[PDB]
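Colleague: Protein chains in written order, with the authors' numbering: chain H, 1 to 121; chain L, 0 to 109; chain A, 17 to 248, 370 to 467, 482 to 644, 652 to 698, 707 to 718, 737 to 935.
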Amino acid sequence: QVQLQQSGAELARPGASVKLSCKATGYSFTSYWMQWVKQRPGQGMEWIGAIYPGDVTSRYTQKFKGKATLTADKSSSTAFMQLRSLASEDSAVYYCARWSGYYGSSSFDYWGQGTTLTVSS
Amino acid sequence: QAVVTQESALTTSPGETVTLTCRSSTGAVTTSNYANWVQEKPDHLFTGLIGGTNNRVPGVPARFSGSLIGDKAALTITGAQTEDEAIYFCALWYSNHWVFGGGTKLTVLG
Amino acid sequence: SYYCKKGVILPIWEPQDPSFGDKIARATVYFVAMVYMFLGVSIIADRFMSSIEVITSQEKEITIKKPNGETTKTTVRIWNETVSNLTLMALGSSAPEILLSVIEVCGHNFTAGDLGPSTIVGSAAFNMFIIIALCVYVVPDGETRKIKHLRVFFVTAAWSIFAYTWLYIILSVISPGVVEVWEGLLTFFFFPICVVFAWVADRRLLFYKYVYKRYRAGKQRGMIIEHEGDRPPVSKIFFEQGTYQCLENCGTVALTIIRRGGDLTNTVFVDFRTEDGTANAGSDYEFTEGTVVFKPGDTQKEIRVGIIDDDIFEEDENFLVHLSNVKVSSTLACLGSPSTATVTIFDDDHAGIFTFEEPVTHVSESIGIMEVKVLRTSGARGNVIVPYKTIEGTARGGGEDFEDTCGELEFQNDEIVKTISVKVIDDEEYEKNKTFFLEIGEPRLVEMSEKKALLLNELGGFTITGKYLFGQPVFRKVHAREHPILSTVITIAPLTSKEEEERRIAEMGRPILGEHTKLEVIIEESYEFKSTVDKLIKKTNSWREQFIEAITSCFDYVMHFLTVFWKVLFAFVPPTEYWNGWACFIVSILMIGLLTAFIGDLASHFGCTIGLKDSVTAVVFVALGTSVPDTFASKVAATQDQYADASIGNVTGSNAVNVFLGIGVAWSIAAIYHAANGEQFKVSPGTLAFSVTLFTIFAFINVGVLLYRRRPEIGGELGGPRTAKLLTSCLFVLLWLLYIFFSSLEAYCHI
Ligand SMILES: CCOc1ccc(Oc2ccc(OCc3cc(F)ccc3F)cc2)c(N)c1
Ligand SMILES: [Ca+2]
Ligand SMILES: [Ca+2]
Ligand SMILES: [Ca+2]
Ligand SMILES: [Ca+2]
Ligand SMILES: [Ca+2]
Ligand SMILES: [Ca+2]
Ligand code: NA
Ligand code: NA
Ligand code: NA
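1. Quick one: complete alpha helix (DSSP H) runs, 4+ long, within the region 816–901 of chain A?
2. Measuring only the C-alpha atoms, how far is residue 113 (chain A) from residue 835 (chain A)?
3. Which residues in chain H have a C-beta closer than 7 Å to the C-beta of residue 630 (chain A)? List them in chain order.
4. Around ligand 2, what residues have a beta-carbon under 6 Å from a heavy atom of it, in chain order?
5. Between residue 33 (chain H) and chain L, is the shortest Cβ-Cβ distance under 7 Å, so that the two count as touching?
6. If you pair each beta-carbon of the region 171–187 of chain A with each one of the region 840–849 of chain A, do three or more pairs fall below 8 Å?
7. Within the structure, which residues are defined as neighbours of ligand 8 by a Cβ-heavy atom distance below 6 Å, reported in chain order?
8. Taking the beta carbon of residue 223 (chain A) as the centre, do at least 16 other beta carbons fall within 10 Å, making it buried, or is it exposed?
9. CB residue 875 (chain A) to CB residue 927 (chain A), shorter than 7 Å?
10. Just checking residue 590 (chain A) against ligand 10 - is the residue's beta carbon closer than 6 Å to any of the ligand's heavy atoms?
11. Can you tell me whether residue 447 (chain A) is helix, strand or coil according to DSSP?
12. Can you tell me which residues fall inside 7 Å of ligand 4, judged by beta-carbon distance to its nearest heavy atom, and keep chain order?
13. For ligand 10, I want to know if residue 113 (chain A) counts as a neighbour, meaning its beta carbon is within less than 6 Å of at least one of the ligand's heavy atoms.
14. Going by the beta-carbon positions, is the gap between residue 546 (chain A) and residue 585 (chain A) smaller than 7 Å?
15. Over the uninterrupted alpha helix (DSSP H) stretch that includes residue 661 (chain A), give me the two end residues.
16. Which residues in the same chain as residue 429 (chain A) place their Cβ atom closer than 7 Å to its Cβ, once the five residues preceding and following it in sequence are excluded?
17. Within 10 angstroms of the Cβ of residue 117 (chain H), are there 16 or more other Cβ atoms? Answer buried if so, exposed if not.
18. With a cut-off of 7 Å, does the C-beta of residue 735 (chain A) fall near any C-beta of chain H?
19. In the DSSP assignment, what are the bridge partners of residue 914 (chain A)?
20. What residue range is occupied by the uninterrupted beta strand (DSSP E) comprising residue 104 (chain A)?
21. May I ask you to verify whether the region 752–772 of chain A touches the region 79–86 of chain A, counting CB pairs closer than 8 Å and requiring at least 3?
22. At a cut-off of 6 Å, would you count residue 385 (chain A) as near ligand 6, judging by its Cβ distance to the nearest heavy atom?
23. Can you grab the Cα-Cα spacing for the pair residue 461 (chain A) / residue 375 (chain A), in whole Å?
24. Taking 7 Å as the threshold (beta carbon to beta carbon), is residue 144 (chain H) in contact with chain L?
25. Am I right that residue 450 (chain A) and residue 501 (chain A) are in contact with their C-beta atoms under 8 Å? What's the rounded C-beta distance?
26. In terms of alpha-carbon separation, which member of A:908, A:847, A:877 and A:863 lies closest to residue 200 (chain A)?
27. Given 6 Å as the limit, tell me if residue 836 (chain A) has its C-beta closer than that to any heavy atom belonging to ligand 1.
28. Quick check on the DSSP output: the alpha helix (DSSP H) that includes residue 67 (chain A) runs from which residue to which?
29. On the premise that residue 17 (chain H) lies in contact with residue 113 (chain H), defined as a C-beta separation below 8 Å, what is that separation, rounded to the nearest angstrom?
30. Going by Cα to Cα distance, which pick from A:655, A:914, A:794 and A:246 is closest to residue 39 (chain A)?
31. Where residue 54 (chain A) and residue 550 (chain A) are concerned, what is the direct C-alpha to C-alpha distance, given to the nearest angstrom?
32. Short of 6 Å in beta carbon distance, which residues of its chain neighbour residue 521 (chain A), apart from the five on each side in sequence? Order them along the chain.
33. With three or more C-beta pairs closer than 8 Å as the rule, is the region 17–29 of chain L touching the region 64–73 of chain L?
34. Is the region 51–66 of chain A close to the region 765–781 of chain A, with three or more CB pairs under 8 Å?
35. Taking the CB atoms as reference points, tell me whether residue 107 (chain L) and residue 84 (chain L) lie closer together than 7 Å.
36. Output needed for residue 156 (chain A): all residues of its chain with C-beta closer than 8 Å, excluding positions within five of it in sequence on either side, in chain order.
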């Protein structure tokens, strides 16, 4: 009964910063990796990064290295992704996915319901 | 920097078999690309189906299989149901990042 | 004395003390009858031991697959060679000594007799010296047998020697000349200590489940013995090279300036100075300035530039070293070519690339522990945690075909290999093809310097470690499973776009996975077991078979007609297949009890006919005759095995159970019986006192020589070089001849 529950729809002004949460329940949070993935309509999906909350180890793509910051709160079993210097391209839907840490298994086991972020004025 | 390419859509009837293709820009898809197939149902319901080009997630129906055909990864659905109408994405593991495919809008007539 | 007491079974030959010719006539009858009984006991004790072998062996059904439709079905028995199984086989062959002492006490109205205690102490000398000497020699020339388990050998051999020392204690030290009730029981209760230690040693001291298994054919029809094995023109000044190469950890790079041409008998002055290229001064190399003086008759001078080591990954970088201001004291010397050298620094701070050696590996089910190497490639910097797990394939293993294992491998700094131990369950299958998988996960760099944590942008919690690396304090990442003081932890946590480039290269050196991240392990059947079963099937109603086998080359005829009476008589013993070896066990121990009742009488009347003492006739004759079952058990294990544990341990196991059950039970029954009458149980200590001390003195020499043959010049306890092989055998036979000769004289008061 693994469930990843995310925050609600959010609207932010351009040039601001925003924090997105994904609370994981039903499994050992600190022993599993968390994938963060971005979806835009007509642009497929882009893999933002991954975080291991046990050591707070991180993986990112070069494009999202400065743009996204992945943190963890293992006391409340939550993973956070913070976007800074928001622009028009950032209006998207963001997902968190469980990964066991092994590449032979699926890297995107259980997904969150998705949090939509709108950057407009 | 690589671009993963899929067919725009696939159209089948219930009970038939369909094959979905994952092509890599840099060359031939290998076992070091760890081809993942995930499924998007309507209203943003995402499910991870296959990882590691062969391994199938527990709880996924047995009709979904992953394989390597020629120089490209492939998802084979044998006896496709009407509930399998979805959008299927393929993720390929390069040296330090995941690249996702365009997504095949697989539709099953009903 | 010449007067003979009436035995348990045999009547007194009368009249007593008849003549001198009649003593020769009577003693010949008693000696030949006693030797014929010793021949009979060895036959029945062999069958008694084989029944014990079947009781303690698991029965397996072997399917033999064939290309044709018909596949034959065969049933075999596997007898595990453990200390607990071998202490029962050492118990089985010691039944003649154990039963003779009990029968002699109870048969003769619970009075201590000389024959029983002396044949137990005298058996120890024959076992410890003669049997071990024979086991040294039977090993083929050029082959050695070494005691692999030396901790077990020390504990067991001390306990067997203490058994004969403790026998002296109760007769001479504590209430001398009398055996008390608690003395008799405490002697008996040392026997369970032997049993529990055997069970403990198999579980924890030996780890018998996880050793490499070897299989040999047993002496029975379908028995297979499984044991442990070994797991398989003016002068000019210019640089020598013009481009120099170095690693980052070199410390200093060597540059050779050369003055050539002109006249050497002169003084030349040249300045040098480093200039930044891709590598920057103070961060990648030490800034260096100086002036080089060329003496008269001097041509080349070496200069050294310091290379600053660190922990961070970098690409290949270079810096420039120039020459300028050529001068001559008191034109003559000029600046030649090449006037500038380029030193290129090769970094070596990649955290590693982890992979398996091969993608598919084949192991046999008898491997015990399999070790899978995980390699670290192209860099070994920092501490890296590599998770791993086992995945079930065809081999459904949760203890069935293997034991599930998972964890994390921690590669230390500059460590390039680590192993994974997976426990493979041995099932004795004739044909097997099972598959399971072993996979390694994403590696994580858990330990690094502080400046590397800035460049990797690590946002976790770090505890400062006492270790130092490249002159900087070393920080270690806090995991969630660890609970620190929380004051110990440190959170290390507009860039100029040159520092941003510095971070990007630094992340190129983080640990990653290699070519083979998944291992497919194919468990297969043992070649040794498969060949062993193939040996059986080539050469392999059971009541009828024993009688046909009883009656069947001139030397063979002599042995056949000698033992034909015994073989036909012992063919009425039930076949071992009935009642899972217990039908043979009950009848065999009854017949052993019957034939050692006769041996006790035949040896008793033989001694008093010619005046020989019961102490002497037990040590020389009865002790040798009842250890014939022990000699063949040790001899087979000496040759057929790979180590000397089973061969020597049978000698040690026999010696312990001889005292603890043979004397412990017999003197417990006698002491309790006299205590019920309010009377003491008196055993004369003088005869047994000198025998047991002579044994222990001679036993330490035997144990000392066995430990001395562990040197590489000899190589092992058994076998070894032929010239040392005879000297060890002749010494131990000499110790036995010295023992039985000195003990005979002390019996007759000749000191
Ligand atoms: C304080 C304990 O006293 C004891 C004294 C003697 C005892 O008898 C034996 C002892 C060792 C034996 O073989 C040793 C051996 C065999 C082998 F195949 C593999 C590894 C081994 F180490 C056999 C009999 C016992 N059991 C207890
Ligand atoms: Ca006493
Ligand atoms: Ca450097
Ligand atoms: Ca540098
Ligand atoms: Ca470096
Ligand atoms: Ca270095
Ligand atoms: Ca076994
Ligand atoms: Na014995
Ligand atoms: Na014996
Ligand atoms: Na004996």
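C-beta atoms are modelled at their ideal positions from N, C-alpha and C, and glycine is treated no differently.
Modeller: Per the coordinate set shown:
1. The qualifying runs are 829–841, 848–860 and 869–892.
2. As a working note, residue 113 (chain A) is residue 97 in the third sequence. As a working note, residue 835 (chain A) is residue 651 in the third sequence. Their Cα atoms are separated by approximately 14 Å.
3. Along the third sequence, read from residue 1 onward, the residue named residue 630 (chain A) stands at position 479. Here the neighbours are 54 and 55.
4. Here the residues close to ligand 2, judged by CB distance below 6 Å to any of its heavy atoms, are A:186, A:190, A:191, A:194, A:195, A:196 and A:199 in chain order.
5. One-based indexing of the first sequence puts residue 33 (chain H) at position 33. By this cut-off, residue 33 (chain H) is not an interface position.
6. The region 840–849 of chain A and the region 171–187 of chain A touch, with three or more beta-carbon pairs separated by less than 8 Å.
7. This selection yields A:106, A:109, A:110, A:814 and A:838.
8. In the third sequence, residue 223 (chain A) corresponds to position 207, counting from 1. With fewer than 16 other Cβ atoms within 10 Å, it is exposed.
9. Start at 1 with the first residue of the third sequence, and residue 875 (chain A) comes out as number 691. Start at 1 with the first residue of the third sequence, and residue 927 (chain A) comes out as number 743. Yes; because the gap between Cβ atoms is below 7 Å, this pair is in contact.
10. For the purposes of this step, residue 590 (chain A) is taken as the residue at position 439 of the third sequence. Residue 590 (chain A) Cβ: outside cutoff for every heavy atom of ligand 10.
11. Taking the first residue of the third sequence as 1, we reach residue 447 (chain A) at position 310. Three-state DSSP puts residue 447 (chain A) in coil, outside helix and strand.
12. Going along the chain, the residues that qualify are A:416, A:417, A:420, A:421, A:451 and A:454.
13. Translated into the one-based positions of the third sequence, residue 113 (chain A) becomes position 97. Answer for residue 113 (chain A): yes, Cβ within range of ligand 10.
14. Translated into positions along the third sequence, residue 546 (chain A) becomes position 395. Translated into positions along the third sequence, residue 585 (chain A) becomes position 434. Closer than 7 Å, so yes.
15. As a working mapping, residue 661 (chain A) is identified with position 503 in the third sequence. Note, residue 661 (chain A): alpha helix (DSSP H), 657–665.
16. What you label residue 429 (chain A) is simply residue 292 of the third sequence in a count that begins at 1. These residues qualify, in order along the chain: 394, 407, 409, 438 and 440.
17. As a working note, residue 117 (chain H) is residue 117 in the first sequence. Buried is the call here.
18. Between 718 and 737, chain A has no modelled residues, and residue 735 (chain A) is one of the positions in that gap.
19. For the purposes of this step, residue 914 (chain A) is identified with residue 730 of the third sequence, where counting begins at 1. Among the bridge pairs identified by DSSP, residue 914 (chain A) is matched with none.
20. As a working note, residue 104 (chain A) is residue 88 in the third sequence. Where residue 104 (chain A) is concerned, there is no enclosing beta strand (DSSP E), although the alpha helix (DSSP H) it sits in stretches over 99–109.
21. The region 752–772 of chain A vs the region 79–86 of chain A: no contact.
22. Counted from its first residue, the third sequence places residue 385 (chain A) at position 248. Short note on residue 385 (chain A): C-beta closer than 6 Å to some heavy atom of ligand 6.
23. Residue mapping note: residue 461 (chain A) aligns to position 324 of the third sequence, counting from 1. Residue mapping note: residue 375 (chain A) aligns to position 238 of the third sequence, counting from 1. Taking C-alpha positions only, residue 461 (chain A) is separated from residue 375 (chain A) by approximately 10 Å.
24. Residue 144 (chain H) falls outside the range modelled here, since chain H spans only 1 to 121, and no answer is possible.
25. Locating residue 450 (chain A) in the third sequence gives position 313, where the first residue counts as 1. Locating residue 501 (chain A) in the third sequence gives position 350, where the first residue counts as 1. Yes, residue 450 (chain A) and residue 501 (chain A) are in contact; Cβ-Cβ is about 6 Å, under 8 Å.
26. Taking the first residue of the third sequence as 1, we reach residue 200 (chain A) at position 184. Checked all of A:908, A:847, A:877 and A:863; the closest Cα to residue 200 (chain A) is A:847.
27. Position 652 of the third sequence, counted from the first residue, corresponds to residue 836 (chain A). Flag set: Cβ of residue 836 (chain A) near ligand 1.
28. Within the third sequence, numbered from 1, the residue matching residue 67 (chain A) stands at position 51. Going by DSSP, residue 67 (chain A) is part of the alpha helix (DSSP H) stretching over 37–71.
29. For the purposes of this step, residue 113 (chain H) is taken as residue 113 along the first sequence, with counting starting at 1. For the purposes of this step, residue 17 (chain H) is taken as residue 17 along the first sequence, with counting starting at 1. Incorrect: roughly 23 Å between the Cβ atoms, too far for contact.
30. If you number the third sequence from 1, residue 39 (chain A) lands on position 23. Of the candidates A:655, A:914, A:794 and A:246, the one whose C-alpha sits nearest the C-alpha of residue 39 (chain A) is A:794.
31. Here residue 54 (chain A) is taken as the residue at index 38 of the third sequence, counted from 1. Here residue 550 (chain A) is taken as the residue at index 399 of the third sequence, counted from 1. Roughly 48 Å between the two C-alpha positions.
32. Counting from one through the third sequence, the residue named residue 521 (chain A) turns up at place 370. Counting only Cβ-Cβ distances below 6 Å, and skipping sequence neighbours, we find 514, 573 and 575.
33. Contact between the region 64–73 of chain L and the region 17–29 of chain L is present, because at least three Cβ pairs lie under 8 Å.
34. Yes, the region 51–66 of chain A is in contact with the region 765–781 of chain A.
35. The residue given as residue 107 (chain L) occupies position 108 in the second sequence. The residue given as residue 84 (chain L) occupies position 85 in the second sequence. Yes, they are a contact pair.
36. What you label residue 156 (chain A) is simply residue 140 of the third sequence in a count that begins at 1. Answer for residue 156 (chain A): 823 and 903, listed in chain order.
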